[PDB]
Amino acid sequence: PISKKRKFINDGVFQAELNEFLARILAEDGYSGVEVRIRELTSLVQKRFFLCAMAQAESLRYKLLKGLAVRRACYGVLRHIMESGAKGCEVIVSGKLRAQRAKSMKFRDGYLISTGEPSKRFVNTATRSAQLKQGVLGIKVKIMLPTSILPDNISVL
Amino acid sequence: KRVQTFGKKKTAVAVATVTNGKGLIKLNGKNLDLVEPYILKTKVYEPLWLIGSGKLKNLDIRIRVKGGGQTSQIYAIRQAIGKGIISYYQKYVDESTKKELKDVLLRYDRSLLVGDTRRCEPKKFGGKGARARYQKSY
Amino acid sequence: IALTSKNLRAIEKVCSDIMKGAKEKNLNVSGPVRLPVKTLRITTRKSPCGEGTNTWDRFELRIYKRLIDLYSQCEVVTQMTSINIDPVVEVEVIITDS
Amino acid sequence: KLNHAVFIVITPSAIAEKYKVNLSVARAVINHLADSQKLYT
Amino acid sequence: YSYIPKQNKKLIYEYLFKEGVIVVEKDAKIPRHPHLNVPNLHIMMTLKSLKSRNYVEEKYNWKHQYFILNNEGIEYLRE
Amino acid sequence: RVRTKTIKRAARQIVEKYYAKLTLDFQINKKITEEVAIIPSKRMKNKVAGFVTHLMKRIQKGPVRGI
Amino acid sequence: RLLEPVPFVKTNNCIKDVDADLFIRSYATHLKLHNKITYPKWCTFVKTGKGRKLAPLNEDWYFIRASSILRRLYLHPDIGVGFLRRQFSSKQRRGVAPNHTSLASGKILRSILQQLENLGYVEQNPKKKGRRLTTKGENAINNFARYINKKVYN
Amino acid sequence: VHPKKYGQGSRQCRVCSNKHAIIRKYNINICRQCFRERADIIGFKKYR
RNA sequence: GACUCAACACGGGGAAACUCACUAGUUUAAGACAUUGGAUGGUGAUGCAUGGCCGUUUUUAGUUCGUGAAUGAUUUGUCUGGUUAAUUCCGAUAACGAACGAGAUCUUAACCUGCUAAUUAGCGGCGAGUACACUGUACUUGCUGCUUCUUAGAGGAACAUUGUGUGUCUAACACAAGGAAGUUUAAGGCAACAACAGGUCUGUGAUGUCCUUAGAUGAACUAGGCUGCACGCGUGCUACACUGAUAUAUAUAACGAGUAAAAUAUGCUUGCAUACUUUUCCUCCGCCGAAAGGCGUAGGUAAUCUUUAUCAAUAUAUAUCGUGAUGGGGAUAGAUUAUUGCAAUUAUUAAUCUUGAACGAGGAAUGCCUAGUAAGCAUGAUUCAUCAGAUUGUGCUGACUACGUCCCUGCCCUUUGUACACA
Ligand SMILES: [Mg+2]
Ligand SMILES: [Mg+2]
Ligand SMILES: [Mg+2]
Ligand SMILES: [Mg+2]
Ligand SMILES: [Mg+2]
Ligand SMILES: [Mg+2]
Ligand SMILES: [Mg+2]
Ligand SMILES: [Mg+2]
Ligand SMILES: [Mg+2]
Ligand SMILES: [Mg+2]
Ligand SMILES: [Zn+2]
């Protein structure tokens, strides 16, 4: 017997844990999922228990690990996003990056709403920290998805 | 026969059941003789005085109060009475009389019919109260 | 029947569906009664450090408990419950005479 | 200073003013006359 | 403690084989593993050893250790 | 208490297309707006209606400088 | 003192239609007259609750307390000792640290209750919860209230 | 070994084993910074 | 660690141990893998190596692009003016047109549907009584149309609507009526661009390098210290009384929050082993106890029980004081009785008795605030084994004064000057 409040929190915690586990495991995957080769994963979960932004971020991280010219990679990513039908994007990469000191680099394409509950709704955001030569490079990707309609527009027929 | 309306001041909902009867007027299980403090007693009696004590010999009234402090409760009770009597008149007595009563109430003041919409604003961090921040010495 | 959940609209939809199911036949269904939403509030202080004018942030996980009654046999109620449904809305059926 | 005593238009303050007395004594006097704020004539 | 009985070790290995994976819990003074009542420290040590040889692959999440068995490891377990 | 370009723009758009439907009556105007344009809010919609009404008032007594 | 021109009639039937403090006083007086309830031993040098840091200063405070308790019982269905204590709570100034609310010394209350039950005014109900009024006691209380009302009218 | 059962050093964050600043309400047992990051996934939305 | 705003009840930091990084010492391998190489751990070093997150610039209104126009950096757009809470609009115009920011959106709180629903909420309905009124009222047990109150989903309602002023009679403002409401209704949340060499590696198994690695700066244990005190500066609490203390009596909140250790029996030498079951958190209630608390039991994994048709204090009413460092004031101290915990001394906290200090409204300075606000009064929660004087919510009593201005202070703008650009 466990109370409702207690249960809910516990469930949330479990969800979080699962997510983290997935992140740890699947560096080679276009990960989003969270709905329940894979046999091992299932076993692990049992033991424990008794277009998208995250994927893009992961891809970026992988690219960084591989060792590209950075800017080019970012551009490619942006292009991909555009192809996948995004109204707007934004990527940031801050960290060490070539020089020792500082250096945050923005990469926007289409328009990116930041403030309001629309932002909360109509953007998928993701954050990965790609470990590299002499520290960490800091990805953050932010995608504005196709709307189910924005509050700013007033479409007269 | 029997009519149920509420008052409302802050939190403090006084629900006035106004029925056919002899003219007693009560609170939960107690007469309006009590209320509590002698000073504020007039704020409860005022609508009755305005309307006339003979008009309420046809109407019994019970009032159930819940929530709030003292003064707020009194106000709520008053409001309930004001809404109550008028509501009764609108249904089971004539319209002209009701109108007259309403006019009288308006002449005296607001708050009897229409409600006080004020309520305790949320306290904000960096302070004790709503607006009152802490203190900087530099 | 008690329907505990986190997401309001979804819960409402579920309730509606069950009502519809009931209205088929044989079910004296009392209307959906939504219960007092006992909101889990956490007030955490933002900022890992102690720097910056200490802004807090009131999170609220607001659980919606929903309740609904019936005079029926178990199998039928089970069938009714089967609207497919998903991991989000937590259902519990009580099959008591009292 | 004003060390008022005990052994020897009505209000306590007035009484205090007049005969130079503690206000408990004033109260007592008032009571006697009759026989948390006050008013008497 | 630094005892490490042989029989216990063997049992652990068998369990691993049966599963394919072991969720360790990276806790020092927790007595037992959920299923098998073994001193957890010993189990942890064994898993570390396995990892060192690359018989097992590890992906550390919060608190738990989540060890997954490698093909070489499996082969070894054949014994 | 002034109107943004979005509101103003919307108003402009109406009276170009749907001047026929409209008359100096607020409720009617609001209804028309609801029928025509995709305002997600209530308050915003109301505001839009009000501005349309104002625009209408301004015309009949002269040119607006738009539409 | 209390009386005034009101716009209604008062059904002076039960104690809820009586002014409290006066009623309590009257009841205390009645008790004194009777000699129906004692004044144990420790009563005459105890403090009624943590917060009071001082003795009552009323002489026949016990009687008053008893009267109050009776009224409380009448008001509520089933009322414990804890509840009673809570009811007779005050602010405890902790000198320099700010005030807290202070639960009353329950022992005296308990004793009073016991006395009442012995006399046949209150009743530990096996159904429900702790000690309500006994019907005879209630009736007596009502009678007293009526008497008080009559006196006031006079 | 000395009693590690009731005190700040008894239990810890689930996430990063830190003994400081643990949200111990509703048996969450996450140190508050970590909670702040995972408040989305747990289902704690800021409204007001 | 943090040092003007933007360090100083801050690190959720109320540390008896653990926390613990420190001091006096003592253990241990948690030394994988091929005594050696080689990792592994660090509340070690460095936030001037970084990630993320947070702060401030700034909740102000600001940032940018397309094309056009004006060797270059650039400018224009993005403005003389009016208006706005707002680069909010209007109007003028080498610009026209966009996009983010504002606004909208979200969440509450504000008033309705006398439509949607009725428990774990009520209202009645009605039996059963107990008291008293007149020819119904107050109060409990037992049974089961309405939705005003109680809960909470979807809708509605204000748009400056109608009226009248001021305004290029433009954007808009002021007043009046209506109305639940007329300062985007009130309150938040969200938070552009660009930074600051701001903070944080003492939140992290986010993380680089350098150090350390068994006489460890790893972990574990035993004390001790973070609380030590001529003093300076913070944030608070309590006061200086009579609109008050004291003591009785009466009144009445809202947000809440609540589940490895012990008991009893058997077998042997206070210990172990075996068997078996309530207790670990909220406490009703019944008894003991001045008090604190204790013991027994009861409900509650919660709109059901704690408990909430009342858990609080200011309130109010009636008494004692009587302006006297006074019964204002409760510091400092002295001695017990408990509770928490393995452990309470450098007194955890609590209670009981006694001790009766400074303070008679506060100098130079400086903070916060415009309506349910200030202030007062409490109280829930967070920390929590125990401990609010903190924070964070919530309510209750409910002022004064504006309703503006640029005088100071701080930001922003145009012009202007600059030898500054680390500004
Ligand atoms: Mg926007
Ligand atoms: Mg302490
Ligand atoms: Mg220590
Ligand atoms: Mg820095
Ligand atoms: Mg420009
Ligand atoms: Mg906004
Ligand atoms: Mg310290
Ligand atoms: Mg604190
Ligand atoms: Mg200043
Ligand atoms: Mg220069
Ligand atoms: Zn953590």
# chains A, B, ... in the order shown; residues from 1 in each chain; ligands from 1
$ closest_atom_pairs --of "chain H" --to "ligand 11" --cutoff "12 Å" --atoms "only C-alpha atoms and all ligand atoms" --output "Markdown table"
| residue | atom | partner | partner_atom_place_in_ligand_line | distance |
| --- | --- | --- | --- | --- |
| H:12 | CA | ligand 11 | 1 (Zn) | 8.3 |
| H:13 | CA | ligand 11 | 1 (Zn) | 5.2 |
| H:14 | CA | ligand 11 | 1 (Zn) | 6.9 |
| H:15 | CA | ligand 11 | 1 (Zn) | 4.7 |
| H:16 | CA | ligand 11 | 1 (Zn) | 3.7 |
| H:17 | CA | ligand 11 | 1 (Zn) | 6.0 |
| H:18 | CA | ligand 11 | 1 (Zn) | 5.5 |
| H:19 | CA | ligand 11 | 1 (Zn) | 8.6 |
| H:20 | CA | ligand 11 | 1 (Zn) | 8.7 |
| H:21 | CA | ligand 11 | 1 (Zn) | 8.9 |
| H:22 | CA | ligand 11 | 1 (Zn) | 8.1 |
| H:23 | CA | ligand 11 | 1 (Zn) | 10.2 |
| H:28 | CA | ligand 11 | 1 (Zn) | 11.7 |
| H:29 | CA | ligand 11 | 1 (Zn) | 9.2 |
| H:30 | CA | ligand 11 | 1 (Zn) | 6.0 |
| H:31 | CA | ligand 11 | 1 (Zn) | 4.9 |
| H:32 | CA | ligand 11 | 1 (Zn) | 7.5 |
| H:33 | CA | ligand 11 | 1 (Zn) | 6.9 |
| H:34 | CA | ligand 11 | 1 (Zn) | 5.1 |
| H:35 | CA | ligand 11 | 1 (Zn) | 8.0 |
| H:36 | CA | ligand 11 | 1 (Zn) | 10.4 |
| H:37 | CA | ligand 11 | 1 (Zn) | 10.2 |
| H:38 | CA | ligand 11 | 1 (Zn) | 10.7 |
$ write_last_selection --atoms "N, CA and C atoms" --output "PDB file, in the first residue's frame"
ATOM      1  N   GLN H  12      21.015   9.936   0.960  1.00  0.00           N
ATOM      2  CA  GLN H  12      21.696  10.731  -0.041  1.00  0.00           C
ATOM      3  C   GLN H  12      20.742  11.032  -1.190  1.00  0.00           C
ATOM      4  N   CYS H  13      21.244  11.737  -2.200  1.00  0.00           N
ATOM      5  CA  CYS H  13      20.538  11.861  -3.467  1.00  0.00           C
ATOM      6  C   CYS H  13      20.483  10.489  -4.130  1.00  0.00           C
ATOM      7  N   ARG H  14      19.327  10.145  -4.688  1.00  0.00           N
ATOM      8  CA  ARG H  14      19.243   9.024  -5.620  1.00  0.00           C
ATOM      9  C   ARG H  14      20.226   9.218  -6.768  1.00  0.00           C
ATOM     10  N   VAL H  15      20.255  10.432  -7.322  1.00  0.00           N
ATOM     11  CA  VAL H  15      20.923  10.684  -8.599  1.00  0.00           C
ATOM     12  C   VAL H  15      22.449  10.654  -8.435  1.00  0.00           C
ATOM     13  N   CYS H  16      23.004  11.564  -7.637  1.00  0.00           N
ATOM     14  CA  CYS H  16      24.460  11.751  -7.589  1.00  0.00           C
ATOM     15  C   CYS H  16      25.113  11.497  -6.228  1.00  0.00           C
ATOM     16  N   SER H  17      24.392  10.832  -5.324  1.00  0.00           N
ATOM     17  CA  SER H  17      24.907  10.435  -4.003  1.00  0.00           C
ATOM     18  C   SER H  17      25.356  11.590  -3.075  1.00  0.00           C
ATOM     19  N   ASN H  18      24.827  12.796  -3.293  1.00  0.00           N
ATOM     20  CA  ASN H  18      25.209  13.969  -2.499  1.00  0.00           C
ATOM     21  C   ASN H  18      24.358  14.036  -1.264  1.00  0.00           C
ATOM     22  N   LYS H  19      25.006  14.249  -0.131  1.00  0.00           N
ATOM     23  CA  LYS H  19      24.317  14.288   1.145  1.00  0.00           C
ATOM     24  C   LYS H  19      23.687  15.663   1.421  1.00  0.00           C
ATOM     25  N   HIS H  20      24.016  16.677   0.613  1.00  0.00           N
ATOM     26  CA  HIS H  20      23.530  18.046   0.835  1.00  0.00           C
ATOM     27  C   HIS H  20      22.313  18.392  -0.025  1.00  0.00           C
ATOM     28  N   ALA H  21      21.327  19.046   0.600  1.00  0.00           N
ATOM     29  CA  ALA H  21      20.218  19.730  -0.094  1.00  0.00           C
ATOM     30  C   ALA H  21      19.225  18.800  -0.805  1.00  0.00           C
ATOM     31  N   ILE H  22      18.811  17.749  -0.103  1.00  0.00           N
ATOM     32  CA  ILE H  22      17.977  16.697  -0.690  1.00  0.00           C
ATOM     33  C   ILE H  22      16.522  17.088  -0.503  1.00  0.00           C
ATOM     34  N   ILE H  23      15.754  17.083  -1.590  1.00  0.00           N
ATOM     35  CA  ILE H  23      14.304  17.212  -1.494  1.00  0.00           C
ATOM     36  C   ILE H  23      13.784  15.887  -0.960  1.00  0.00           C
ATOM     37  N   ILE H  28      11.007  11.809  -2.623  1.00  0.00           N
ATOM     38  CA  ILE H  28      11.647  12.062  -3.915  1.00  0.00           C
ATOM     39  C   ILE H  28      13.138  11.744  -3.792  1.00  0.00           C
ATOM     40  N   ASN H  29      13.774  12.285  -2.750  1.00  0.00           N
ATOM     41  CA  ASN H  29      15.188  12.018  -2.433  1.00  0.00           C
ATOM     42  C   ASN H  29      16.140  12.317  -3.601  1.00  0.00           C
ATOM     43  N   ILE H  30      15.979  13.524  -4.141  1.00  0.00           N
ATOM     44  CA  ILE H  30      16.860  14.093  -5.156  1.00  0.00           C
ATOM     45  C   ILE H  30      17.359  15.431  -4.616  1.00  0.00           C
ATOM     46  N   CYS H  31      18.667  15.686  -4.700  1.00  0.00           N
ATOM     47  CA  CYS H  31      19.200  16.983  -4.279  1.00  0.00           C
ATOM     48  C   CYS H  31      18.729  18.059  -5.256  1.00  0.00           C
ATOM     49  N   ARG H  32      18.372  19.222  -4.709  1.00  0.00           N
ATOM     50  CA  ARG H  32      17.400  20.105  -5.347  1.00  0.00           C
ATOM     51  C   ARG H  32      17.804  20.544  -6.736  1.00  0.00           C
ATOM     52  N   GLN H  33      19.104  20.715  -6.958  1.00  0.00           N
ATOM     53  CA  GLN H  33      19.616  21.127  -8.269  1.00  0.00           C
ATOM     54  C   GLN H  33      19.244  20.098  -9.339  1.00  0.00           C
ATOM     55  N   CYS H  34      19.463  18.835  -8.997  1.00  0.00           N
ATOM     56  CA  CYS H  34      19.150  17.729  -9.899  1.00  0.00           C
ATOM     57  C   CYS H  34      17.658  17.702 -10.205  1.00  0.00           C
ATOM     58  N   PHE H  35      16.851  17.906  -9.166  1.00  0.00           N
ATOM     59  CA  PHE H  35      15.395  17.939  -9.294  1.00  0.00           C
ATOM     60  C   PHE H  35      14.965  19.025 -10.260  1.00  0.00           C
ATOM     61  N   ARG H  36      15.587  20.196 -10.119  1.00  0.00           N
ATOM     62  CA  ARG H  36      15.311  21.346 -10.976  1.00  0.00           C
ATOM     63  C   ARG H  36      15.488  20.988 -12.462  1.00  0.00           C
ATOM     64  N   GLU H  37      16.530  20.225 -12.797  1.00  0.00           N
ATOM     65  CA  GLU H  37      16.759  19.752 -14.175  1.00  0.00           C
ATOM     66  C   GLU H  37      15.725  18.704 -14.622  1.00  0.00           C
ATOM     67  N   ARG H  38      15.469  17.704 -13.772  1.00  0.00           N
ATOM     68  CA  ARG H  38      14.502  16.623 -14.069  1.00  0.00           C
ATOM     69  C   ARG H  38      13.033  16.913 -13.664  1.00  0.00           C
TER      70      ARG H  38
END
$ select_by_dssp --residues "chain G" --states "helix (DSSP H, G or I)" --output "NGL selection string"
:G and (15-17 or 20-34 or 42-45 or 50-52 or 61-75 or 81-87 or 106-119 or 135-153)
$ residues_around --residues "residue 66 in chain C" --least-positions-apart "6" --cutoff "8 Å" --atoms "only C-alpha atoms (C1' of nucleotides)" --output "list in words"
residues 2, 3, 4, 11, 32, 33, 34 and 35 of chain C
$ closest_residue --among "I:270, I:28, I:283, I:222" --to "chain G" --atoms "only C-alpha atoms (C1' of nucleotides)"
I:283
$ residues_near_ligand --ligand "ligand 9" --cutoff "9 Å" --atoms "only C-alpha atoms (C1' of nucleotides) and all ligand atoms" --output "number ranges by chain"
I: 366-367, 409-410
$ interface_residues --of "chain A" --to "chain C" --cutoff "9 Å" --atoms "only C-alpha atoms" --output "list in words"
residues 4, 5, 8, 9, 35 and 36 of chain A
$ interface_residues --of "chain A" --to "chain F" --cutoff "9 Å" --atoms "only C-alpha atoms" --output "PDB file with N, CA, C and O atoms, in the first residue's frame"
ATOM      1  N   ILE A 149      -2.298  25.671 -33.871  1.00  0.00           N
ATOM      2  CA  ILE A 149      -2.102  26.939 -34.611  1.00  0.00           C
ATOM      3  C   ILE A 149      -1.505  27.971 -33.634  1.00  0.00           C
ATOM      4  O   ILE A 149      -1.845  27.966 -32.448  1.00  0.00           O
ATOM      5  N   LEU A 150      -0.622  28.845 -34.129  1.00  0.00           N
ATOM      6  CA  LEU A 150       0.047  29.851 -33.279  1.00  0.00           C
ATOM      7  C   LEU A 150      -0.933  30.948 -32.814  1.00  0.00           C
ATOM      8  O   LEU A 150      -1.857  31.287 -33.558  1.00  0.00           O
ATOM      9  N   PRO A 151      -0.736  31.511 -31.595  1.00  0.00           N
ATOM     10  CA  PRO A 151      -1.634  32.594 -31.132  1.00  0.00           C
ATOM     11  C   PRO A 151      -1.492  33.962 -31.833  1.00  0.00           C
ATOM     12  O   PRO A 151      -2.409  34.783 -31.742  1.00  0.00           O
ATOM     13  N   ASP A 152      -0.369  34.193 -32.517  1.00  0.00           N
ATOM     14  CA  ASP A 152      -0.075  35.489 -33.156  1.00  0.00           C
ATOM     15  C   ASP A 152      -0.863  35.713 -34.455  1.00  0.00           C
ATOM     16  O   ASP A 152      -1.283  36.837 -34.743  1.00  0.00           O
ATOM     17  N   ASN A 153      -1.048  34.644 -35.235  1.00  0.00           N
ATOM     18  CA  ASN A 153      -1.719  34.724 -36.536  1.00  0.00           C
ATOM     19  C   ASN A 153      -3.219  34.961 -36.388  1.00  0.00           C
ATOM     20  O   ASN A 153      -3.849  34.432 -35.466  1.00  0.00           O
ATOM     21  N   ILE A 154      -3.774  35.775 -37.287  1.00  0.00           N
ATOM     22  CA  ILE A 154      -5.226  35.961 -37.418  1.00  0.00           C
ATOM     23  C   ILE A 154      -5.566  35.828 -38.912  1.00  0.00           C
ATOM     24  O   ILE A 154      -5.625  36.819 -39.646  1.00  0.00           O
ATOM     25  N   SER A 155      -5.771  34.586 -39.348  1.00  0.00           N
ATOM     26  CA  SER A 155      -5.945  34.267 -40.766  1.00  0.00           C
ATOM     27  C   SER A 155      -7.356  34.591 -41.268  1.00  0.00           C
ATOM     28  O   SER A 155      -8.297  33.825 -41.039  1.00  0.00           O
ATOM     29  N   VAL A 156      -7.490  35.732 -41.946  1.00  0.00           N
ATOM     30  CA  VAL A 156      -8.734  36.105 -42.632  1.00  0.00           C
ATOM     31  C   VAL A 156      -8.803  35.355 -43.971  1.00  0.00           C
ATOM     32  O   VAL A 156      -7.797  35.229 -44.675  1.00  0.00           O
ATOM     33  N   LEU A 157      -9.997  34.873 -44.315  1.00  0.00           N
ATOM     34  CA  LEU A 157     -10.191  34.015 -45.486  1.00  0.00           C
ATOM     35  C   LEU A 157     -10.281  34.861 -46.754  1.00  0.00           C
ATOM     36  O   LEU A 157     -10.521  34.343 -47.847  1.00  0.00           O
TER      37      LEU A 157
END
$ residues_around --residues "range 28-42 of chain E" --least-positions-apart "2" --cutoff "12 Å" --atoms "only C-alpha atoms (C1' of nucleotides)" --output "PyMOL selection string"
(chain A and resi 46-50) or (chain E and resi 1-16+19+22-26+44-49+63-64) or (chain H and resi 1-5+10+17) or (chain I and resi 29-30+219-220+260)
$ atom_distance --atom1 "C1' of residue 82 in chain I" --atom2 "CA of residue 58 in chain F"
19.3 Å
$ residues_around --residues "residue 332 in chain I" --least-positions-apart "6" --cutoff "12 Å" --atoms "only C-alpha atoms (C1' of nucleotides)" --output "JSON, numbers by chain"
{"I": [355, 356, 357, 358]}
$ atom_distance --atom1 "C1' of residue 208 in chain I" --atom2 "CA of residue 64 in chain A"
16.4 Å
$ residues_around --residues "residue 16 in chain D" --least-positions-apart "5" --cutoff "9 Å" --atoms "only C-alpha atoms (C1' of nucleotides)" --output "mmCIF file with N, CA, C and O atoms, in the first residue's frame"
data_model
loop_
_atom_site.group_PDB
_atom_site.id
_atom_site.type_symbol
_atom_site.label_atom_id
_atom_site.label_comp_id
_atom_site.auth_asym_id
_atom_site.auth_seq_id
_atom_site.Cartn_x
_atom_site.Cartn_y
_atom_site.Cartn_z
ATOM 1 N N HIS D 4 1.494 59.228 43.685
ATOM 2 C CA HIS D 4 0.105 59.378 44.122
ATOM 3 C C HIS D 4 -0.162 58.493 45.351
ATOM 4 O O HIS D 4 0.619 57.587 45.660
ATOM 5 N N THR D 11 -15.469 60.596 36.230
ATOM 6 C CA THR D 11 -14.611 59.718 35.421
ATOM 7 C C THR D 11 -13.288 59.459 36.189
ATOM 8 O O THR D 11 -12.971 60.221 37.101
ATOM 9 N N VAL D 21 -4.526 60.681 43.054
ATOM 10 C CA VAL D 21 -4.788 59.296 43.468
ATOM 11 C C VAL D 21 -4.420 58.278 42.381
ATOM 12 O O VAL D 21 -4.409 58.606 41.189
ATOM 13 N N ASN D 22 -4.118 57.046 42.812
ATOM 14 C CA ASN D 22 -4.052 55.871 41.919
ATOM 15 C C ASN D 22 -5.418 55.640 41.281
ATOM 16 O O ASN D 22 -6.446 55.893 41.917
ATOM 17 N N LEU D 23 -5.436 55.147 40.043
ATOM 18 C CA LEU D 23 -6.684 54.966 39.329
ATOM 19 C C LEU D 23 -7.444 53.743 39.765
ATOM 20 O O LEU D 23 -8.626 53.764 39.659
ATOM 21 N N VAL D 25 -7.786 53.228 42.934
ATOM 22 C CA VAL D 25 -8.521 53.919 44.004
ATOM 23 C C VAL D 25 -9.669 54.714 43.423
ATOM 24 O O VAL D 25 -10.756 54.684 44.016
ATOM 25 N N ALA D 26 -9.446 55.355 42.281
ATOM 26 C CA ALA D 26 -10.492 56.106 41.580
ATOM 27 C C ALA D 26 -11.669 55.189 41.249
ATOM 28 O O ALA D 26 -12.833 55.540 41.469
#
$ select_by_dssp --residues "range 10-121 of chain A" --states "strand (DSSP E or B)" --output "list in words"
residues 88, 89, 90, 91, 92, 93, 94, 95, 105, 106, 107 and 108 of chain A
$ residues_near_ligand --ligand "ligand 2" --cutoff "8 Å" --atoms "only C-alpha atoms (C1' of nucleotides) and all ligand atoms" --output "number ranges by chain"
I: 14-16, 348, 387
$ residues_near_ligand --ligand "ligand 5" --cutoff "8 Å" --atoms "only C-alpha atoms (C1' of nucleotides) and all ligand atoms" --output "JSON, numbers by chain"
{"I": [75, 76, 77, 78]}
$ decode --residues "range 10-40 of chain H" --atoms "C-alpha atoms" --output "CSV table (one decimal), in the first residue's frame"
chain,number,residue,atom,x,y,z
H,10,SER,CA,22.5,8.4,6.5
H,11,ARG,CA,20.8,8.8,3.1
H,12,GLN,CA,21.7,10.7,0.0
H,13,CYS,CA,20.5,11.9,-3.5
H,14,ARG,CA,19.2,9.0,-5.6
H,15,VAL,CA,20.9,10.7,-8.6
H,16,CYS,CA,24.5,11.8,-7.6
H,17,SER,CA,24.9,10.4,-4.0
H,18,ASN,CA,25.2,14.0,-2.5
H,19,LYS,CA,24.3,14.3,1.1
H,20,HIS,CA,23.5,18.0,0.8
H,21,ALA,CA,20.2,19.7,-0.1
H,22,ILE,CA,18.0,16.7,-0.7
H,23,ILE,CA,14.3,17.2,-1.5
H,24,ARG,CA,13.0,14.7,1.0
H,25,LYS,CA,9.3,15.6,0.6
H,26,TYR,CA,7.1,12.8,-1.0
H,27,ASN,CA,10.2,10.4,-0.8
H,28,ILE,CA,11.6,12.1,-3.9
H,29,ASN,CA,15.2,12.0,-2.4
H,30,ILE,CA,16.9,14.1,-5.2
H,31,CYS,CA,19.2,17.0,-4.3
H,32,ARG,CA,17.4,20.1,-5.3
H,33,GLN,CA,19.6,21.1,-8.3
H,34,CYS,CA,19.1,17.7,-9.9
H,35,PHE,CA,15.4,17.9,-9.3
H,36,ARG,CA,15.3,21.3,-11.0
H,37,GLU,CA,16.8,19.8,-14.2
H,38,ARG,CA,14.5,16.6,-14.1
H,39,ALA,CA,11.3,18.5,-13.0
H,40,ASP,CA,10.0,18.2,-16.6
